[PDB]
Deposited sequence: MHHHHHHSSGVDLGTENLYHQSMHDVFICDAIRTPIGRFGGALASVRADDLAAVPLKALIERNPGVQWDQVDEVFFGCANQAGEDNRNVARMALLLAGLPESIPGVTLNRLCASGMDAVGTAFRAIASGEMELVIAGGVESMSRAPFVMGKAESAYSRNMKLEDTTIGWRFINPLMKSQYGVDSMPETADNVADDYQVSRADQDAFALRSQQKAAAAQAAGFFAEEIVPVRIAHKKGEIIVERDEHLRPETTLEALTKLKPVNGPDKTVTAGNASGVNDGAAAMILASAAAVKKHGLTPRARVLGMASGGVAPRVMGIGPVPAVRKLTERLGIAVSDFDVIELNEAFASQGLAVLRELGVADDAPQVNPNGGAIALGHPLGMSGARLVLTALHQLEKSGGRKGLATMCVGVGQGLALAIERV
């Protein structure tokens, strides 16, 4: 096995639906971090990149037909560089990092780029083909988020709960109160606003130029959030439920990318190694409670590595919904407000462009370890239709 080092990493700001990045095609957006990596790392011989791996949950729109390859070509990497796109919905960008790790670890590759993209603003409508001449049964479905082309067999066996519905199932089954979710959301807003003001996100961000407007800041943050404002919101799924627009992430646009390399490649390309990847693990759960998916993923990873959850100096836990973030922490024995968890806030504040988020969590965990002087970091997130993914790193 070879050690695998994460080197430079960079991301776009995250835009609101229909907001600052809505005019940027997914393929063009994915190319922005790749162009930045090139500019930032002048020792690299770019013809020696073995592969670009990108996560993307949609792939029906301008991200169609292997967006990783489209993006590397738009970014001006050589046409000799291959690319492949991953889809594990919400966890896609993290899967790209872990898959990139496995490829180097197994000695198949030396120098790779891993990232993720989503343009949920620009997600297309889809229409199935007619199954008979003169069919009257043609319909358009929205690919922005959630179920489309529903399978009756899936509905009858597992249900087709919307993501907020699953988050309410978790709140119910795991006993997570409305008040606890609102406090978690408020802390996310507060920590993200502080991190933004400190310039932490600015160090992770490459601005996007739109032909020229410059988009430099994450757009989704609500720094003025207060507990009173959150308490007044009506639950999405009816008055007896707990999940609201204020204690859940949104749909968003963004891209992120990072360099991974073997020891030999770090030396050859003049890279700065920042952390080594320890491992990645996945787990599956009932679709109806997909939010709890990180629990088996984290347990699998930590048991194989023999590292206690309490040993991590940062835990970046995706905040798809406060209810599931809290439920996961509670099962793993971590306090709802533990200082190592999401110290710069998370997706409730920052937004959630599905394919990008998992790459962002890895790069931000590493960034946070560097600033805090921490050693081990854990990134983990839930996945639609009942999965979890977890990835651990260690600063060098």
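A.B. asks: Write out the missing regions of the deposited sequence in sequence order, one range per stretch.
C.D. replies: Residues lacking C-alpha coordinates: 1-22, 234-237.
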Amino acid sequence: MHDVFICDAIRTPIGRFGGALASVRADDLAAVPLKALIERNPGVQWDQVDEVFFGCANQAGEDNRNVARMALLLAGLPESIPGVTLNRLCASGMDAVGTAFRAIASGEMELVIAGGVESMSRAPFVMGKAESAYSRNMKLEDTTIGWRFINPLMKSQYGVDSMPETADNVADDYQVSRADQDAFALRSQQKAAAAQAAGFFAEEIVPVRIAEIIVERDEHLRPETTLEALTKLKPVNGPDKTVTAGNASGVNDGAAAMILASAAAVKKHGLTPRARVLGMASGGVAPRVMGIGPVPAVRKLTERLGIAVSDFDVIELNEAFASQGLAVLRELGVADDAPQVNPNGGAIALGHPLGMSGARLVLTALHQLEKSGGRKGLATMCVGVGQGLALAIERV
From here on, numbers count along this sequence of modelled residues.
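A.B. asks: So which stretch wins on mean C-alpha B-factor, 256-264 or 155-163?
C.D. replies: It is 155-163.
A.B. asks: Identify the stretch, either 318-326 or 302-310, whose C-alpha atoms have the larger mean B-factor according to the entry.
C.D. replies: Per the deposited B-factors, the answer is 302-310.
A.B. asks: Quiz for you: based on the deposited Cα B-factor, which of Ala392, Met1, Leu389, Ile6 is highest?
C.D. replies: Answer, based on the entry's C-alpha B-factors: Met1.
A.B. asks: In terms of CA temperature factor as recorded, identify the highest of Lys191, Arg122, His269, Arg102.
C.D. replies: Reading the PDB entry, the winner on C-alpha B-factor is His269.
A.B. asks: Place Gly19 in the lowest, middle or highest third of its chain's C-alpha B-factors, as listed in the PDB entry.
C.D. replies: It belongs to the middle third of the chain when residues are ordered by C-alpha B-factor.
A.B. asks: Using the B-factor values recorded in the entry, state whether the Cα atom of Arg288 falls in the lowest, middle or highest third among the modelled residues of its chain.
C.D. replies: It falls in the middle third of the chain.
A.B. asks: Split the chain's modelled residues into thirds by Cα B-factor; is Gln368 in the lowest, middle or highest one?
C.D. replies: For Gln368, the deposited C-alpha B-factor lands in the middle third.
A.B. asks: Which third, lowest, middle or highest, does the C-alpha temperature factor of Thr226 belong to within its own chain?
C.D. replies: Answer is highest: the recorded C-alpha B-factor places it there.
A.B. asks: Would the CA B-factor of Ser135 place it in the lowest, middle or highest third of its chain?
C.D. replies: According to the entry, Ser135 has a C-alpha B-factor in the chain's middle third.
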